[PDB]
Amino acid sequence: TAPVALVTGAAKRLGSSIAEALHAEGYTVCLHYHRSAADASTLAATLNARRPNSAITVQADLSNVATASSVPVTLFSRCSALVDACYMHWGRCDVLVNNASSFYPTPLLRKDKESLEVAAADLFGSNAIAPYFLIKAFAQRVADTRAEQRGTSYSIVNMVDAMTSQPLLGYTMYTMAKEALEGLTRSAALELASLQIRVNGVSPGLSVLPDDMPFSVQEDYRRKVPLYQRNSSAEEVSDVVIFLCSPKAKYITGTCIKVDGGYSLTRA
């Protein structure tokens, strides 16, 4: 049976890329998404096209809140349902890629109590709390699975950020969530090491800029990166993921790989 892989935020951009790659490597993918249901399916189509039954599409709000079912469903629940939506269909889940991520200002000063305490649940859920549970569910299912019938390449990859050291002004929560994630990587790696589950992170610097920001803006940004003076492509990033998941890196765990074109070496 082919290896299965869950990729949160597989709808568009990077997550979309990481999924294909894993698919191309011969992985049945569980394409996760939040708002974009179009792309999440447009993709699954193409994927199943290329190879019959090789891509499903689970949907879930990964923010740290509760959605209506009688009792509301916590974030833990929703998460434990994804990992669960795999063993249910393909009977296995070998690779998890916490990609899903909210990213926007959370200033400390100014120029709405709730906008914040909802962003907190947002930024902190997608980037850190959700990954914790996901990693936990994934780790249990393997634990439960009998020794004799376990996969041989369980790999977990959290998508962090290579610039958190030099915090992006005004993005406090995001930054905390991210560094909270790195800790998750390290901690997960050490503990889950026994079940032979690897946990590593990929720290992109300036990858595919937001489909939103203008051109003059993207220019100003990509021109700050030392290598090539351009942001990375979805590929230059996903390769690091497929590499981390391939056997060519089976002795690697609890580590983060920067893919920033030397961006983190620059100073103001």
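In case it trips you up, residue 1 is the first one in the sequence shown, and so on.
Q: Please say, as none, 1 to 3, 4 to 9, or 10 or more, how many residues of the deposited sequence are without coordinates in the interval between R146 and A147.
A: The entry leaves nothing out here.
Q: Indicate whether the chain is continuous between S69 and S70 or, if not, how many deposited residues are absent from the coordinates: none, 1 to 3, 4 to 9, or 10 or more.
A: According to the record, 4 to 9 deposited residues lack coordinates from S69 to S70.
Q: Mind pulling up the entry and telling me whether 21 to 29 or 244 to 252 has the higher mean Cα temperature factor?
A: According to the PDB entry, the answer is 21 to 29.
Q: Once you work out the mean C-alpha B-factor for both 54 to 62 and 221 to 229 from the entry, which is higher?
A: Here the higher of the two C-alpha B-factor means belongs to 54 to 62.
Q: In terms of recorded Cα temperature factor, pick the maximum from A234, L43, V199, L209.
A: That would be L43.
Q: According to the deposited entry, which of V73, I135, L184, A177 has the largest Cα B-factor?
A: Spelled out: the listed residue with the top C-alpha B-factor is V73.
Q: Report the third (lowest, middle or highest) to which the CA temperature factor of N158 belongs, ranking only the modelled residues of the same chain.
A: Answer is lowest: the recorded C-alpha B-factor places it there.
Q: Looking at the C-alpha B-factor of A2, is it in the lowest, middle or highest third of its chain?
A: Tercile = highest for this residue's CA B-factor.
Q: Split the chain's modelled residues into thirds by Cα B-factor; is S216 in the lowest, middle or highest one?
A: Middle third, going by the recorded CA B-factors of the chain.
Q: Can you work out whether the C-alpha temperature factor of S115 puts it in the lowest, middle or highest third of the chain?
A: Highest third of the chain for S115's C-alpha B-factor.
Q: What third of its chain's C-alpha B-factors does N127 belong to: lowest, middle or highest?
A: Lowest third, going by the recorded CA B-factors of the chain.
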